[PDB]
Each structure stands twice: as structure tokens, then as C-alpha cells.
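What follows is a single structure, written as C-alpha cells, with notes after it.
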Amino acid sequence: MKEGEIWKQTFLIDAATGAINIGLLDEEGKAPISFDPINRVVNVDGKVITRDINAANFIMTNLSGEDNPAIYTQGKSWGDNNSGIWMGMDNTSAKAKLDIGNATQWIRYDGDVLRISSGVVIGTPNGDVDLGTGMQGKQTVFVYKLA
Amino acid sequence: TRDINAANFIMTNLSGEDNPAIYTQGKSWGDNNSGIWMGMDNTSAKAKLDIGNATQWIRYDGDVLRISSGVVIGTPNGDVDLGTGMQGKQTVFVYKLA
Amino acid sequence: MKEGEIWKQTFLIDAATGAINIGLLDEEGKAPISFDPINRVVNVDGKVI
């Protein structure tokens, strides 16, 4: 599309290799959407919206060196009161951080101490025993009196 | 790629010999590298887990879940060390005649 | 593809924006496979393998 007096390429469909670029090229000559079928790389400078796709391997990648590579439901952050699942490595502390639950009941790991402000239940073949009650430190003590 | 959303995942063995597993780059099963490894080993047909590093790790080989890491479990009264909690501290008595 | 006496679009490759639709458009004007590179959305009314 011709702006001012210069033509800026908006897309380029290569006949020889099939490489496809979409959008206005940035200062580095890379389109916001780029296709490289020689290497088969889906590199887009944006967000992807879809529903269901299968996969095996995942890498939490820090693209710009400052973004936090983590998984979160929409509207869910680290340590917030919102209900959701948050799992990732905090770049400031270089520690994997976990946040599953809500404001009241949650399971959180900050990379150092795994604290759970939720009912932690562990099962046995004889049944289920409350972990909090199981380890309340109930000590059988004796008190003595002379009479 | 960097970020794509999804709901359903299948660890698929395409050629019948590749191990369908998830791993960070440079991370394998049982290695000393820090990372997360989760998948089913085709040789043993057992799901294998490897989260942590050479010293502190949480590993499951499909048979025994062993953790060479500080396992902490929380209670409303606070946090009690699981290793100290189950050290088998038995109140024993020794008797002497005098 | 012309069915009966009306042409129903099967694909549309937009030159200006690069938007690509694949398949027979439904009642809402959305193809079963739609590409929106302006928004970069992979929205398909089906399954992905």
C-alpha cells in the first residue's frame, strides 16, 4: 500500500520457497506474521486465539527477556484473589511459582515453601484421614499428684 | 512458536519408537539438568515424571514416587516438616532395678 | 461451486488484508476454516490433528 510516496509491502508470497509474510514490516524486516516453511516456524508478534490443538512438548520461553513465562487463565495473575491456575517461573526470583485455587482456598508454591491454605486430604486403604488433624501433634502427656 | 491456547493434549508416538514426553530444552529423563520431564517410557510402558534438578528433584518412574527434596505439607496450625513428622519418634522406656 | 442456480463461495483469499476463509460459509457468514491475520486468530469449527 502506497503511503506518502513510497510503497510498503504488506504481504509477500514467495513462489520458490512458499515463505509468507503478513503485515507491515518492522525496522528489522520481519512482518508481524511470518511463515517460513523451510524451517516451519510459526513466529507472530502478537496473540493467538484458538480452542483445541494437540501437543507433546512445551517450553515456557522468555521472548523479550523481561516477560514472565507462565500459564494462567484469563484474568488470573500471581498471588491475586481471582480463581484460576497460575504456574510459571518468576524472572525476578528465577523460581517456579504455582498458584491454584482462589482467594480463600488456594495451593501456592513460591519456589521455596509449598504452603496450602486449603483442606489437604490424603487417602489410605482404611479410609481418609484429615492431614491437619493427623499432624496436630497430639501428645499423650501425664500429670502427677501426691495424695 | 511462543504462545497458543489449547484444551486437549495427546502424547502421541508417531513412529512407534519415539518417547512421547514433555521436556524443557536440554532436559532428559533422569539427567542432572534442571527442568520438567513428564511422559510415558515406551520401554517400560510407565509414565515417568522428573521435576527439579540434580540435587533437589521430584521423580516418579511409574512404580515408586521418590522425592529427594524438602517435602512440606501444610496444616491450619502451621507447617510441619514431613521428614521430621514421620521420623518414627517412638516413646520408649528403659527400666533398672535399684 | 455452483449448486442449483446460485454460486456458494468455497474459499476467499483477500488481497488487501490476507484474510482466508475455507469451506462452505454457514448461516452466519463464517467459513468452517477462517484466517484473520489482522487479528491472527485460528478459529476453525472442527478438530485439529
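Protein chains in written order, with the authors' numbering: chain A, 344 to 490; chain A', 393 to 490; chain A'', 344 to 392. A prime marks a further copy of an entry chain.
Ideal Cβ positions, reconstructed from N, Cα and C, are used throughout, including at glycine.
Judged by their CB atoms, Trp-449/A and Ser-436/A are not nearer to each other than the 8 Å cut-off.
Rounded to whole angstroms, the gap between the alpha carbons of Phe-401/A' and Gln-479/A' is 40 Å. Here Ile-465/A' has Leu-474 as same chain residues with Cβ atoms under 6 Å from its own Cβ, once five neighbours each way along the sequence are excluded. Among the CB atoms of chain A, one or more fall inside 8 Å of the CB of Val-472/A'.
The beta carbon of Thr-353/A lies closer than 8 Å to those of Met-344, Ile-365, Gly-366, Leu-367 in the same chain, with the five residues before and after it left out.
Take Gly-418/A, set aside five residues on each side of it, and the residues of its chain with a beta-carbon closer than 8 Å to its own are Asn-425, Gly-427, in chain order. Every unbroken stretch of the beta strand (DSSP E) spanning 3 or more residues and falling wholly within the region 375-451 of chain A is given here in chain order: 376-379, 384-387, 413-415, 427-433, 438-444.
In the displayed model, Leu-489/A' falls within coil according to three-state DSSP, outside both helix and strand.
Within 9 Å of the CB of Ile-450/A', no CB atom of chain A is found; the nearest one sits about 11 Å away. Under the three-state reduction of DSSP, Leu-474/A is assigned to helix. Taking the CA atoms as reference points, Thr-416/A sits about 12 Å from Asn-445/A. Bounds of the beta strand (DSSP E) holding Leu-355/A'' are 354-356. The beta carbons of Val-387/A'' and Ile-376/A'' sit closer together than 8 Å. Counting every other CB atom within 10 Å of its CB across the protein chains shown gives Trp-350/A a total below 16, marking it as exposed.
Against chain A'', the CB of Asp-410/A has no partner CB under 8 Å away; the residue lies outside that interface.
Within the region 378-410 of chain A, contact with chain A' at the beta-carbon level (separation under 8 Å) is assigned to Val-384, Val-385, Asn-386, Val-387, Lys-390, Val-391, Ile-392, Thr-393, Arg-394, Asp-395, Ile-396, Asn-397, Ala-398, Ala-399, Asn-400, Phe-401, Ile-402, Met-403, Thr-404, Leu-406. Looking from the CA of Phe-378/A, the closest CA among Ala-362/A, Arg-458/A, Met-430/A, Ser-407/A belongs to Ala-362/A.
Within 10 angstroms of the beta-carbon of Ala-359/A'' lie fewer than 16 other beta-carbons, which makes it exposed.
Beyond the five residues adjoining it in sequence on each side, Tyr-452/A comes within less than 7 Å, by CB distance, of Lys-440, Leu-441 in the same chain, given in chain order. Rounded to whole angstroms, the gap between the alpha carbons of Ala-490/A' and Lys-488/A is 23 Å. Interface residue (Cβ-Cβ distance to chain A less than 8 Å): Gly-361/A'' is classified as such. When the beta-carbon positions are compared, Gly-454/A and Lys-438/A come within less than 8 Å of each other.
Taking 8 Å as the CB threshold, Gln-482/A' stays off the interface with chain A. Note: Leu-368/A is not bridge-paired with any residue in the DSSP secondary-structure output.
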